[PDB]
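Visitor: Would you mind keeping the following structure in view while I ask a few things?
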Amino acid sequence: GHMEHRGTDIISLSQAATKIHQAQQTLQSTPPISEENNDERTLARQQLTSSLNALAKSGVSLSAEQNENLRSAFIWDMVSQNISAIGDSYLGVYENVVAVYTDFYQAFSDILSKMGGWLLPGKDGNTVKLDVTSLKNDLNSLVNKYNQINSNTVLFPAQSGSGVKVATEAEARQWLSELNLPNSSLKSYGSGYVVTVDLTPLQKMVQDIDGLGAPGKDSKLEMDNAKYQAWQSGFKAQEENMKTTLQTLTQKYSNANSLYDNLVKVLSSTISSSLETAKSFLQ
Ligand code: NI
């Protein structure tokens, strides 16, 4: 126990520091907005835990100060199992939440981009013509696509392959509450439950369109500017509801990513103190 090996300790700790920093670079710069990006993020976490496993077998010994720092934040075996759990069951879910909601919200954006072509001149400068039928039809089509249970619609559990991974009602409700989503986002499927995107603003938009009254013979609805503006204000409010839901989810993702990054910083700082120890000697 008297034989020192500073050279190997420095190489081992440096290797770990490098793998951790590379994973951290990925996790800070890659947005969780597509399956491809989340694959990259998941790989970075696998690389990080592999590096801790390699560090555990290396020979480097931590001090009481460092052992304690690690116990309170999260021995190398326990740190690896704990951080893996957080990446997979917490940050990994949030990444899925954002990628799925991204694509859903993009579909909604594409509908909104058509709305200029659905507003026509009225008979005079006090009236407009809204194509209520085309607008209703596109919105209903979005509802019907995202009302299904598949990899396009399921926020939790994260999905892969051709089966539908489901959770217990208790587990799904926890995530429903965590995500601040309405009860309608909790769906039974087969033997369990899933959490899905919130369609209620779109459904409300469609109701409000019908509330305008039956279209004319062209399937479009003539309205005075006052009626139109009031409808537009109501439509905008529903768009704002969806925007707020997405905003909440992306912020919550970011904080889950910050919580994981705080743990990564503890790892980095532990390794950097050990590196100082390997390089230093009392006069
Ligand atoms: Ni010895």
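Chain lettering (A, B, ...) mirrors the order of the structure tokens, residue numbering begins at 1 for each chain separately, and ligand numbering begins at 1 in order of display.
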Env of residue 47 of chain A: 12 Å cut, atoms = only C-alpha atoms, seq-sep filter 5 positions within chain, self excluded. Answer as a ChimeraX atom specification.

Guide: /A:15-24,26-27,40-42,52-54,80,84,87

Visitor: Could you list, as a ChimeraX atom specification, all protein and nucleic acid residues with an atom at most 6 Å from ligand 1, counting only C-alpha atoms and all ligand atoms?

Guide: /A:1-3

Visitor: If you run DSSP over the backbone, which residues in segment 164-221 of chain A end up strand (DSSP E)? Put them as a PyMOL selection string.

Guide: chain A and resi 186-189+192-196+221

Visitor: I need the chosen residues saved as a short mmCIF file (atom, residue, chain, number, x, y, z; two decimals), in the first residue's frame, with N, CA, C and O atoms.

Guide:
data_model
loop_
_atom_site.label_atom_id
_atom_site.label_comp_id
_atom_site.auth_asym_id
_atom_site.auth_seq_id
_atom_site.Cartn_x
_atom_site.Cartn_y
_atom_site.Cartn_z
N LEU A 186 -53.99 11.71 -19.88
CA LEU A 186 -53.79 10.39 -19.31
C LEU A 186 -54.67 9.38 -20.03
O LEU A 186 -55.90 9.47 -19.91
N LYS A 187 -54.07 8.44 -20.77
CA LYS A 187 -54.85 7.48 -21.52
C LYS A 187 -54.57 6.03 -21.11
O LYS A 187 -53.42 5.66 -20.88
N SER A 188 -55.63 5.23 -20.98
CA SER A 188 -55.44 3.78 -20.83
C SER A 188 -55.06 3.18 -22.19
O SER A 188 -55.57 3.59 -23.23
N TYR A 189 -54.09 2.27 -22.18
CA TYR A 189 -53.80 1.48 -23.38
C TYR A 189 -53.47 0.02 -22.96
O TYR A 189 -52.54 -0.19 -22.19
N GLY A 192 -51.88 -1.06 -19.41
CA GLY A 192 -51.47 0.09 -18.63
C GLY A 192 -51.92 1.45 -19.14
O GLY A 192 -53.00 1.58 -19.73
N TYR A 193 -51.08 2.45 -18.88
CA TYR A 193 -51.41 3.83 -19.11
C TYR A 193 -50.24 4.53 -19.80
O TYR A 193 -49.07 4.11 -19.65
N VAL A 194 -50.59 5.57 -20.57
CA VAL A 194 -49.61 6.46 -21.23
C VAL A 194 -50.04 7.90 -21.02
O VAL A 194 -51.21 8.17 -20.68
N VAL A 195 -49.10 8.82 -21.25
CA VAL A 195 -49.38 10.26 -21.21
C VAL A 195 -49.17 10.75 -22.63
O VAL A 195 -48.20 10.39 -23.30
N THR A 196 -50.15 11.49 -23.13
CA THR A 196 -50.16 11.95 -24.53
C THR A 196 -50.22 13.47 -24.63
O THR A 196 -50.46 14.15 -23.62
N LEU A 221 -67.79 31.43 -44.43
CA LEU A 221 -68.71 32.15 -43.58
C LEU A 221 -68.43 33.63 -43.65
O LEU A 221 -67.32 34.06 -43.30
#

Visitor: If you measure from atom CA of residue 203 of chain A to atom CA of residue 156 of chain A, what distance in Å do you get, rounded to one decimal?

Guide: 21.9 Å

Visitor: Could you give me, as a tab-separated table (two decimals) with N, CA, C and O atoms, in the first residue's frame, each residue of segment 108-174 of chain A that DSSP assigns to alpha helix (DSSP H) when run on this structure's backbone?

Guide:
chain	number	residue	atom	x	y	z
A	108	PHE	N	-49.13	21.83	-35.99
A	108	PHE	CA	-50.04	22.95	-35.66
A	108	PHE	C	-49.59	24.25	-36.37
A	108	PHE	O	-50.40	24.94	-37.01
A	109	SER	N	-48.29	24.56	-36.28
A	109	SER	CA	-47.71	25.72	-37.02
A	109	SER	C	-48.00	25.73	-38.51
A	109	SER	O	-48.28	26.77	-39.11
A	110	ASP	N	-47.92	24.55	-39.14
A	110	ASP	CA	-48.16	24.42	-40.56
A	110	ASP	C	-49.63	24.72	-40.88
A	110	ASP	O	-49.91	25.29	-41.93
A	111	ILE	N	-50.54	24.32	-39.99
A	111	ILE	CA	-51.96	24.72	-40.12
A	111	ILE	C	-52.10	26.23	-40.03
A	111	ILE	O	-52.72	26.82	-40.90
A	112	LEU	N	-51.48	26.85	-39.03
A	112	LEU	CA	-51.57	28.30	-38.88
A	112	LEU	C	-51.04	29.07	-40.09
A	112	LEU	O	-51.56	30.14	-40.43
A	132	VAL	N	-64.32	28.71	-42.82
A	132	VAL	CA	-64.49	27.87	-41.63
A	132	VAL	C	-64.35	26.37	-41.91
A	132	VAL	O	-63.83	25.63	-41.09
A	133	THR	N	-64.80	25.89	-43.07
A	133	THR	CA	-64.75	24.45	-43.39
A	133	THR	C	-63.34	23.88	-43.54
A	133	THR	O	-62.99	22.89	-42.92
A	134	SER	N	-62.51	24.52	-44.37
A	134	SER	CA	-61.13	24.11	-44.53
A	134	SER	C	-60.33	24.18	-43.21
A	134	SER	O	-59.51	23.29	-42.95
A	135	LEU	N	-60.56	25.24	-42.43
A	135	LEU	CA	-59.88	25.44	-41.14
A	135	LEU	C	-60.30	24.34	-40.16
A	135	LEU	O	-59.46	23.66	-39.56
A	136	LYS	N	-61.61	24.13	-40.05
A	136	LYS	CA	-62.14	23.06	-39.17
A	136	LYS	C	-61.59	21.69	-39.55
A	136	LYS	O	-61.20	20.91	-38.67
A	137	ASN	N	-61.58	21.41	-40.85
A	137	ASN	CA	-61.12	20.11	-41.37
A	137	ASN	C	-59.66	19.80	-41.11
A	137	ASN	O	-59.30	18.67	-40.76
A	138	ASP	N	-58.80	20.79	-41.32
A	138	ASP	CA	-57.39	20.64	-40.99
A	138	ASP	C	-57.15	20.42	-39.48
A	138	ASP	O	-56.32	19.60	-39.10
A	139	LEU	N	-57.85	21.18	-38.65
A	139	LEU	CA	-57.72	21.07	-37.19
A	139	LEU	C	-58.23	19.74	-36.68
A	139	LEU	O	-57.60	19.12	-35.82
A	140	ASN	N	-59.37	19.29	-37.21
A	140	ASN	CA	-59.87	17.95	-36.87
A	140	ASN	C	-58.93	16.83	-37.30
A	140	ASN	O	-58.77	15.87	-36.56
A	141	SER	N	-58.29	16.98	-38.46
A	141	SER	CA	-57.30	16.04	-38.92
A	141	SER	C	-56.08	15.98	-37.98
A	141	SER	O	-55.50	14.91	-37.78
A	142	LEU	N	-55.71	17.13	-37.39
A	142	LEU	CA	-54.60	17.13	-36.45
A	142	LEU	C	-54.99	16.42	-35.16
A	142	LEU	O	-54.23	15.61	-34.61
A	143	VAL	N	-56.17	16.78	-34.65
A	143	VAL	CA	-56.73	16.09	-33.50
A	143	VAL	C	-56.75	14.57	-33.73
A	143	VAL	O	-56.26	13.82	-32.88
A	144	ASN	N	-57.27	14.13	-34.87
A	144	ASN	CA	-57.43	12.70	-35.10
A	144	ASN	C	-56.07	11.98	-35.17
A	144	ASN	O	-55.91	10.93	-34.56
A	145	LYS	N	-55.10	12.60	-35.84
A	145	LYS	CA	-53.73	12.03	-35.86
A	145	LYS	C	-53.11	11.90	-34.44
A	145	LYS	O	-52.48	10.89	-34.15
A	146	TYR	N	-53.28	12.92	-33.59
A	146	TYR	CA	-52.58	12.94	-32.27
A	146	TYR	C	-53.44	12.36	-31.13
A	146	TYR	O	-52.97	12.14	-30.01
A	169	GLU	N	-51.04	2.97	-13.78
A	169	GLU	CA	-51.80	4.23	-13.66
A	169	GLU	C	-51.10	5.19	-12.70
A	169	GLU	O	-51.06	6.41	-12.93
A	170	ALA	N	-50.58	4.64	-11.60
A	170	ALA	CA	-49.90	5.46	-10.59
A	170	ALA	C	-48.67	6.15	-11.20
A	170	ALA	O	-48.47	7.33	-10.99
A	171	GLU	N	-47.87	5.39	-11.95
A	171	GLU	CA	-46.62	5.90	-12.58
A	171	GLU	C	-46.92	6.98	-13.61
A	171	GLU	O	-46.27	8.02	-13.65
A	172	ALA	N	-47.90	6.71	-14.46
A	172	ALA	CA	-48.36	7.67	-15.49
A	172	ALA	C	-48.94	8.95	-14.89
A	172	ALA	O	-48.68	10.03	-15.39
A	173	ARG	N	-49.74	8.82	-13.84
A	173	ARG	CA	-50.27	10.00	-13.15
A	173	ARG	C	-49.17	10.84	-12.53
A	173	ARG	O	-49.26	12.07	-12.55
A	174	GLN	N	-48.13	10.20	-12.00
A	174	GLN	CA	-47.01	10.96	-11.46
A	174	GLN	C	-46.42	11.86	-12.55
A	174	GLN	O	-46.14	13.04	-12.33

Visitor: Could you list, as a list in words, every residue within 7 Å of segment 268-282 of chain A, counting only C-alpha atoms and ignoring same-chain residues fewer than 6 positions away?

Guide: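 That gives residues 6, 9, 10, 13, 17, 62 and 66 of chain A.
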
Visitor: Would you please work out which residue, of A:154, A:258, A:115, A:14, is nearest to residue 232 of chain A when using only C-alpha atoms?

Guide: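 Of all the options, A:115 lies closest to residue 232 of chain A.
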
Visitor: Can you write out as JSON lines which residues of segment 149-239 of chain A fall within 8 Å of segment 118-130 of chain A, alongside each residue's closest atom pair and its distance in Å to one decimal, counting only C-alpha atoms and ordering rows by chain and ascending residue number?

Guide:
{"residue": "A:220", "atom": "CA", "partner": "A:130", "partner_atom": "CA", "distance": 5.6}
{"residue": "A:221", "atom": "CA", "partner": "A:130", "partner_atom": "CA", "distance": 5.2}
{"residue": "A:222", "atom": "CA", "partner": "A:129", "partner_atom": "CA", "distance": 4.3}
{"residue": "A:223", "atom": "CA", "partner": "A:128", "partner_atom": "CA", "distance": 5.4}
{"residue": "A:224", "atom": "CA", "partner": "A:127", "partner_atom": "CA", "distance": 4.1}
{"residue": "A:225", "atom": "CA", "partner": "A:127", "partner_atom": "CA", "distance": 5.2}
{"residue": "A:228", "atom": "CA", "partner": "A:128", "partner_atom": "CA", "distance": 7.4}

Visitor: Since we have the selection now, will you write its residues out, keeping N, CA, C and O atoms, as a PDB file, in the first residue's frame?

Guide:
ATOM      1  N   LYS A 220     -67.968  28.682 -46.801  1.00  0.00           N
ATOM      2  CA  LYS A 220     -67.252  29.748 -46.116  1.00  0.00           C
ATOM      3  C   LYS A 220     -68.253  30.642 -45.383  1.00  0.00           C
ATOM      4  O   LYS A 220     -69.434  30.627 -45.677  1.00  0.00           O
ATOM      5  N   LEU A 221     -67.791  31.432 -44.433  1.00  0.00           N
ATOM      6  CA  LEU A 221     -68.709  32.151 -43.581  1.00  0.00           C
ATOM      7  C   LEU A 221     -68.426  33.635 -43.655  1.00  0.00           C
ATOM      8  O   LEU A 221     -67.324  34.062 -43.305  1.00  0.00           O
ATOM      9  N   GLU A 222     -69.411  34.403 -44.135  1.00  0.00           N
ATOM     10  CA  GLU A 222     -69.311  35.857 -44.137  1.00  0.00           C
ATOM     11  C   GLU A 222     -69.583  36.396 -42.737  1.00  0.00           C
ATOM     12  O   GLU A 222     -70.501  35.952 -42.068  1.00  0.00           O
ATOM     13  N   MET A 223     -68.755  37.344 -42.292  1.00  0.00           N
ATOM     14  CA  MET A 223     -68.880  37.939 -40.942  1.00  0.00           C
ATOM     15  C   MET A 223     -68.503  39.416 -40.983  1.00  0.00           C
ATOM     16  O   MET A 223     -67.628  39.815 -41.767  1.00  0.00           O
ATOM     17  N   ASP A 224     -69.148  40.228 -40.141  1.00  0.00           N
ATOM     18  CA  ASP A 224     -68.726  41.614 -39.990  1.00  0.00           C
ATOM     19  C   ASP A 224     -67.418  41.674 -39.218  1.00  0.00           C
ATOM     20  O   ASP A 224     -67.080  40.735 -38.490  1.00  0.00           O
ATOM     21  N   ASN A 225     -66.678  42.770 -39.380  1.00  0.00           N
ATOM     22  CA  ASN A 225     -65.332  42.851 -38.815  1.00  0.00           C
ATOM     23  C   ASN A 225     -65.321  42.687 -37.295  1.00  0.00           C
ATOM     24  O   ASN A 225     -64.387  42.107 -36.741  1.00  0.00           O
ATOM     25  N   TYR A 228     -65.621  38.954 -36.551  1.00  0.00           N
ATOM     26  CA  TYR A 228     -64.364  38.329 -36.917  1.00  0.00           C
ATOM     27  C   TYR A 228     -63.259  38.573 -35.881  1.00  0.00           C
ATOM     28  O   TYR A 228     -62.595  37.633 -35.449  1.00  0.00           O
TER      29      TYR A 228
END

Visitor: Report, in Å with one decimal, the straight-line distance from atom CA of residue 262 of chain A to atom CA of residue 73 of chain A.

Guide: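 Rounded to one decimal, the two atoms are 9.3 Å apart.
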
Visitor: Residues at most 9 Å from residue 181 of chain A, counting only C-alpha atoms, excluding those fewer than 4 positions away in the same chain, as a ChimeraX atom specification?

Guide: /A:175-177,185-186,195-198,245

Visitor: Would you export the selected residues with N, CA and C atoms as an mmCIF file, in the first residue's frame, please?

Guide:
data_model
loop_
_atom_site.group_PDB
_atom_site.id
_atom_site.type_symbol
_atom_site.label_atom_id
_atom_site.label_comp_id
_atom_site.auth_asym_id
_atom_site.auth_seq_id
_atom_site.Cartn_x
_atom_site.Cartn_y
_atom_site.Cartn_z
ATOM 1 N N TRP A 175 -46.192 11.269 -13.733
ATOM 2 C CA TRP A 175 -45.638 12.019 -14.852
ATOM 3 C C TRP A 175 -46.612 13.091 -15.370
ATOM 4 N N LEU A 176 -47.911 12.771 -15.377
ATOM 5 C CA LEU A 176 -48.946 13.762 -15.736
ATOM 6 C C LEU A 176 -48.848 14.992 -14.852
ATOM 7 N N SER A 177 -48.826 14.774 -13.533
ATOM 8 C CA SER A 177 -48.614 15.866 -12.609
ATOM 9 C C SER A 177 -47.276 16.555 -12.812
ATOM 10 N N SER A 185 -54.905 14.022 -20.945
ATOM 11 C CA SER A 185 -53.633 13.530 -21.474
ATOM 12 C C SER A 185 -53.254 12.157 -20.893
ATOM 13 N N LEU A 186 -53.991 11.712 -19.884
ATOM 14 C CA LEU A 186 -53.788 10.391 -19.310
ATOM 15 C C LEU A 186 -54.668 9.382 -20.026
ATOM 16 N N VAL A 195 -49.096 8.822 -21.251
ATOM 17 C CA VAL A 195 -49.380 10.255 -21.208
ATOM 18 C C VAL A 195 -49.172 10.754 -22.631
ATOM 19 N N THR A 196 -50.150 11.491 -23.128
ATOM 20 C CA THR A 196 -50.162 11.949 -24.531
ATOM 21 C C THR A 196 -50.219 13.474 -24.627
ATOM 22 N N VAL A 197 -50.030 14.029 -25.834
ATOM 23 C CA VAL A 197 -50.110 15.475 -26.050
ATOM 24 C C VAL A 197 -51.520 16.032 -25.738
ATOM 25 N N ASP A 198 -51.580 17.292 -25.311
ATOM 26 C CA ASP A 198 -52.854 17.930 -24.930
ATOM 27 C C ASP A 198 -53.540 18.512 -26.191
ATOM 28 N N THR A 245 -48.270 25.475 -22.801
ATOM 29 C CA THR A 245 -48.016 24.058 -22.483
ATOM 30 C C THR A 245 -46.624 23.655 -22.956
#

Visitor: What does the structure give for the distance between atom CA of residue 204 of chain A and atom CA of residue 248 of chain A, in Å to one decimal?

Guide: 20.2 Å
